[PDB]
Chemist: 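Here it is, the structure, as C-alpha cells.
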Amino acid sequence: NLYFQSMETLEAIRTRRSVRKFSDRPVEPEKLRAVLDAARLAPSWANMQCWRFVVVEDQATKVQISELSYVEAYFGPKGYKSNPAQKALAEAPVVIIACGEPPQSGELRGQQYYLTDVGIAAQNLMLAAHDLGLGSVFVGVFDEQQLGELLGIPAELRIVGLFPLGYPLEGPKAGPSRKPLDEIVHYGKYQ
Amino acid sequence: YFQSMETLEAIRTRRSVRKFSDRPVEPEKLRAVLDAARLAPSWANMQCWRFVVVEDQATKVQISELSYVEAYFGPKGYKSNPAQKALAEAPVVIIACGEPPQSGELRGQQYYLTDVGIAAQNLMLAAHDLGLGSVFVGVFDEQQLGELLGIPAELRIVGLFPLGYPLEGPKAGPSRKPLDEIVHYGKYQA
Ligand SMILES: Cc1cc2nc3c(=O)[nH]c(=O)nc-3n(C[C@H](O)[C@H](O)[C@H](O)COP(=O)(O)O)c2cc1C
Ligand SMILES: Cc1cc2nc3c(=O)[nH]c(=O)nc-3n(C[C@H](O)[C@H](O)[C@H](O)COP(=O)(O)O)c2cc1C
C-alpha cells in the first residue's frame, strides 16, 4: 500500500507503541529507506550527525544478535530483570543497530551528548516506522563487547540501541501508563 | 488551531528556530507540546525526564545570560551560541532535566541522556506540527541555571527549549550527510 497507514504527526506520537511480536512479512526496501532517512533528518549537537546505523537482514546474524540480548541473571540494569524484546531480534525481518561516535558530539558537564543525539534520531526512526505501519522497539539490553565482535563494528563506535523492525503480528496492546503531566512538569522557579 | 502535517513531512521540515515573535503561545498548544514529550518511550518506562516551564520575562533574560559560550575551551561546534537571544525572545522557555539513576547506567553509558533526547524530539516535532518553533540548546552554565531556577542538583539539566511562533517564514536548514554515509548494510568483513 505504502500510504494506507499514514498519520498526522501528533496522532503518530500518541499511538506509537513498543512492538515485540513480529510477523515474518518482509519490510519493503522503500519503507526501510524512509525509516532510515527519518533518522538522518534528526537534529544533533552542532549538526555533527554522530549516529551510525548498521542494518542487518541476514537470518543467521539476527539469531546471533538475539542471543547477545539476554539479561545476565541478577546483574541486569535498572528495570529489566529479563528482556521482553529478546525474541523480536530473531523474529523481525530487520534489525537496526544504532551507534554513536562520542567525540563527534558534546562532551561537557560529564554528559556525553552522543547518547542524546542517538535518542533523538531513534525517536524519528520509531515514529517513521509507526507512520508506515511498521513496529519497532528500542532495545538497550545487549552484550556490547560480543555484539561489536559479531558485527565487526569499528572500535570507536559505541552501540546505543538495537531496533527490531517489521510488521506487527498483533494489534495495539494498550501499552504501559504515563505519569500525569502535573508530576513531570513544573511551572516557574522552584523554592 | 494548526496546519496539520503528515508525520514524515513534519520530521523532514522541522528546523531549529532561533528567531521568535512576541506572539503569545496558546496554553492549549503549550500543553500539547508537553503532552507529546510525556508520551515518549523511555528506559523501562521510567520516564526520568522533568520539565520546568518559564514564562517570566526577567527569568528568561537571566537564563539567556547563562547560555554564553566561553572564550576558549568552549563546546565543540559552537564558537558562539546562535540560540542565546532566542531564550530571552521566546514567550516560553522549557528546561528539560533528567535523573541519572532513574534510567539505564551500564557500559559507562547514562541512558537518561537518551531518554531526554527521545522526549525532546517529540517536543520539537509537536511544536513544529503546531506552527511553533523550537531549538535544542545544549550550551549553558548548569550550576548557575540550577541555582536560578531551584533545580535540585540531583536532577541534571540536559536541554533548554525556546518555544514560540517563528519571527520569519521557514528557513532552509543546514545540510545532512547522505544516507550512505551513516548507514551500513550487513556485518563487516574481516
Ligand atoms: C543536543 C543538541 C544540542 C544543541 N545545542 C545547541 C545550542 O547550544 N545552540 C544552538 O544554536 N543550537 C543548538 N542545537 C541545534 C543544532 O545546532 C541543530 O539541530 C543542527 O544545526 C541542525 O539544524 P536543524 O535543527 O535546523 O535541522 C542543538 C541540537 C542538539 C541535538
Ligand atoms: C533507552 C531505551 C531502552 C529500552 N530498552 C528495552 C529493552 O532492552 N527491552 C525491552 O523490551 N524494551 C526496551 N525499551 C522499551 C520500553 O520498555 C518502552 O519504551 C516503555 O515501556 C514504554 O512503552 P511504549 O514504548 O510501548 O510506550 C527501551 C526503551 C528505551 C527508551
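Letters A, B, ... mirror the listed sequences (proteins, then strands); counts begin at 1. Just the heavy atoms: all of them, side chains too, but no hydrogens, waters or symmetry mates, feed the values below. We count ligands from 1, going down the list as the structure has it; atoms in each ligand are counted the same way.
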Chemist: Under a 4.0 angstrom heavy-atom cut-off, which atoms of ligand 2 come close to B:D115?
Modeler: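 Near B:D115, meaning under 4.0 Å from one of its heavy atoms, ligand 2 has 1 (C), 31 (C).
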
Chemist: Distance only, no hydrogens: is a donor on one side chain within 3.5 Å (strictly under) of an acceptor on the other, for B:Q144 and B:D141?
Modeler: yes

Chemist: Is the closest heavy atom of A:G175 to ligand 2 under 4.0 Å?
Modeler: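 So A:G175 does not count as touching ligand 2.
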
Chemist: Is a salt bridge present between A:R33 and A:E30, judged by a nitrogen-to-oxygen distance below 4.0 Å?
Modeler: no

Chemist: Can you name the closest pair of heavy atoms from B:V25 and B:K29 and give their distance?
Modeler: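 Closest pair (atom of B:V25, atom of B:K29, distance): CG1-CB, 4.3 Å.
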
Chemist: List ligand 1 atoms under 4.0 Å from B:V135, heavy atoms only on the residue side.
Modeler: 12 (N), 15 (C)

Chemist: May I ask you to identify the nearest protein heavy atom to atom 16 (C) of ligand 1, giving residue, atom name and distance to one decimal place in Å?
Modeler: B:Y78 OH, 3.3 Å

Chemist: Evaluate B:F136 for polar contact with ligand 1, using N/O atom pairs at a separation under 3.5 Å.
Modeler: yes

Chemist: Please check whether B:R176 reaches ligand 1 - meaning an N/O of the residue sits under 3.5 Å from an N/O of the ligand, judged on distance alone.
Modeler: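 The answer is yes, given that B:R176 and ligand 1 share an N or O pair closer than 3.5 Å.
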
Chemist: Do the ring planes of A:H186 and A:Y190 sit parallel (below 30°), tilted (30 to 60°) or perpendicular (above 60°)?
Modeler: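 Perpendicular, since the angle between the ring planes exceeds 60°.
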
Chemist: Relative to the heavy atoms of A:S18, which atoms of ligand 2 are at a distance of less than 4.0 Å?
Modeler: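 Going through ligand 2 atom by atom, the ones under 4.0 Å from A:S18 are 15 (C), 18 (C), 19 (O), 24 (P), 25 (O), 26 (O).
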
Chemist: Hey, looking at atom 15 (C) of ligand 2, which of A:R20, A:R16, A:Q86 has the closest heavy atom?
Modeler: A:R20

Chemist: When you look at NZ of A:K173, are more than 12 heavy atoms from neighbouring residues, nucleotides or ligands closer to it than 6.0 Å?
Modeler: no

Chemist: Short N/O distance, under 3.5 Å, between A:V139 and ligand 2?
Modeler: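 Min N/O separation from ligand 2 is not below 3.5 Å for A:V139.
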
Chemist: Using a strict cut-off of 4.0 Å, indicate which atoms of ligand 2 neighbour a heavy atom of A:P84.
Modeler: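 Here the atoms of ligand 2 in question are 11 (O).
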
Chemist: What's the spacing between A:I153 CD1 and B:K187 NZ if we round to 0.5 Å?
Modeler: 12.0 Å

Chemist: Is the shortest distance from a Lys or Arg side-chain nitrogen in A:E101 or A:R52 to a carboxylate oxygen in the other one below 4.0 Å?
Modeler: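 The answer is yes: the pair qualifies as a salt bridge.
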
Chemist: How close do A:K78 and B:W43 get, counting heavy atoms only, and between which atoms?
Modeler: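 Smallest heavy-atom distance, with atoms named: O-NE1, 2.7 Å.
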
Chemist: Compute the shortest N/O to N/O distance between B:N81 and ligand 1 and return yes if it is under 3.5 Å, no if not.
Modeler: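 Yes, at least one N or O pair falls under 3.5 Å.
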
Chemist: If you measure from CG on B:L160 to CD on B:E142, what distance do you get to the nearest 0.5 Å?
Modeler: 10.0 Å

Chemist: Heavy atoms only: give me the nearest B:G133-B:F20 pair and the separation to one decimal.
Modeler: O-CE2, 3.3 Å

Chemist: If you measure from each non-hydrogen atom of B:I118 to ligand 2, which part falls under 4.0 Å: side chain, backbone, both or neither?
Modeler: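 Side chain only.
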
Chemist: If you measure every N or O of A:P176 against every N or O of ligand 2, does any of those distances drop under 3.5 Å?
Modeler: no

Chemist: Give me the residue, atom name and distance of the protein heavy atom closest to atom 21 (O) of ligand 1.
Modeler: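 In this structure, atom 21 (O) of ligand 1 has A:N47 CB, 3.5 Å as its nearest protein heavy atom.
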
Chemist: For ligand 1, which atoms sit closer than 4.0 Å to a heavy atom of B:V139?
Modeler: 8 (O)

Chemist: Kindly identify the option in A:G140, A:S69, A:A174 whose heavy atom sits closest to atom 5 (N) of ligand 2.
Modeler: A:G140

Chemist: Work out whether the distance between some heavy atom of A:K173 and some atom of ligand 2 is less than 4.0 Å.
Modeler: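 Under 4.0 Å: no for A:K173.
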
Chemist: Starting from atom 29 (C) of ligand 1, which protein heavy atom do you reach first, and at what distance in Å?
Modeler: A:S44 O, 3.5 Å

Chemist: With heavy-atom distances below 4.0 Å as the criterion, list the atoms of ligand 2 near B:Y111.
Modeler: 1 (C)

Chemist: Scan side-chain atoms only and decide if A:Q104 and A:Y113 contain a donor-acceptor pair under the 3.5 Å cut-off.
Modeler: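 There is no such pair between these side chains.
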
Chemist: May I ask you to list the atoms of ligand 1 that are less than 4.0 angstrom from any heavy atom of A:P43?
Modeler: 19 (O), 25 (O), 31 (C)

Chemist: How about B:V137 and B:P162: do any of their side-chain heavy atoms sit closer than 4.5 Å?
Modeler: yes

